[PDB]
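Below you'll find only one chain, the form deposited in one PDB entry, shown as structure tokens.
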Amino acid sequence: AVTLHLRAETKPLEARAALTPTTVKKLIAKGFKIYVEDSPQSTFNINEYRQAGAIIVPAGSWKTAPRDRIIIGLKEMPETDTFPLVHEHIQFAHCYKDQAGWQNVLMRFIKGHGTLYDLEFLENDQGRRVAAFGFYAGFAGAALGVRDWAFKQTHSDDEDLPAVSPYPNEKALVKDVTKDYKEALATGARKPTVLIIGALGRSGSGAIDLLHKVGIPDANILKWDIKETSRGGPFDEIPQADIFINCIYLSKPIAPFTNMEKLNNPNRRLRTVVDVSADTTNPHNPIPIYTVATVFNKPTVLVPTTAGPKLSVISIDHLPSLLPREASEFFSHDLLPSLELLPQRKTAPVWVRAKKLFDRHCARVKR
């Protein structure tokens, strides 16, 4: 049989779960044994998992679980966990693109003889991702960006966009954003132009979807992707946009989309940068204008400019947790076919590809 163990998330404010109660109920009917840690931050009630058939165990009991259990979780391990990782782990580890500290992430697996099957690199035969939160991120990102832009029209510069909390549904999020937005227009603010780079992807789509729902007109949205950026940055259309939303998948080293020089300019219209891609700790980050990773409880950081109006960056790295329950159901449904193959993970290509990718990255690590 396969035994799975759903780890309680420890990333602050992370409310999503990698397996939902439905997903657990379906896996049990397929013969899996499933443990679920009682999580204080999860949007799901522990009783939904009880009724699904999960064995309920305490938060962080994965650490002492039998070595045959596959530990599944969404987000990073705490930096302060330094002991060897001995299980097979399914999670997002963000350590295959030379993010700051990537060697330390992998070294725990190397010392424990564990295996990382990274959620981002689970792909079908045709090179496409099997499960992805991108749409919910571009959506949530675009919502906070429009909210920030609107705030800057109706509030003192002294003030920053206040803490956000997760929403019970998209309708309620769109209602908040639409209020702030109409309120700013009512006072004479010009309808914003929004520049989206990576517009054709998952998060680009979610961001266009939000902008439509809130009532920004198609003409006001510049939808850029690889065509439009082949000339290479930095670009002039960024400082002249009202809102810039970065939705690229950064894979190759590229010329930065803008810089401090271009932004220090009295005639800059740009008020809000939504860095959805959020390759903040990447050495090739094509948005080197900030260094802070913002969080729901403090969602914007000031980009200190020497000319032009107050500009802020949003760089929350788990935007989909603004809408935790449906984001989780969406992702787990799309993940399920792969998880059903875990009994055969030694031969199933989706799993094997991911194991071989892990071994090649571990080979790059200094010993």
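One-based numbering along the sequence shown.
Another form, the form deposited in another entry, is not on view; read the next lines as being about it.
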item	value
Where one rigid part turns on another between the shown form and the other one: hinge among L74, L323, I196, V24	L323
Sense of the change in Cα distance from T10 to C247 in the other form - at least 3 Å versus the shown form	farther
Inter-Cα distance between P21 and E170 in the other form, nearer or further [3 Å or more]	closer
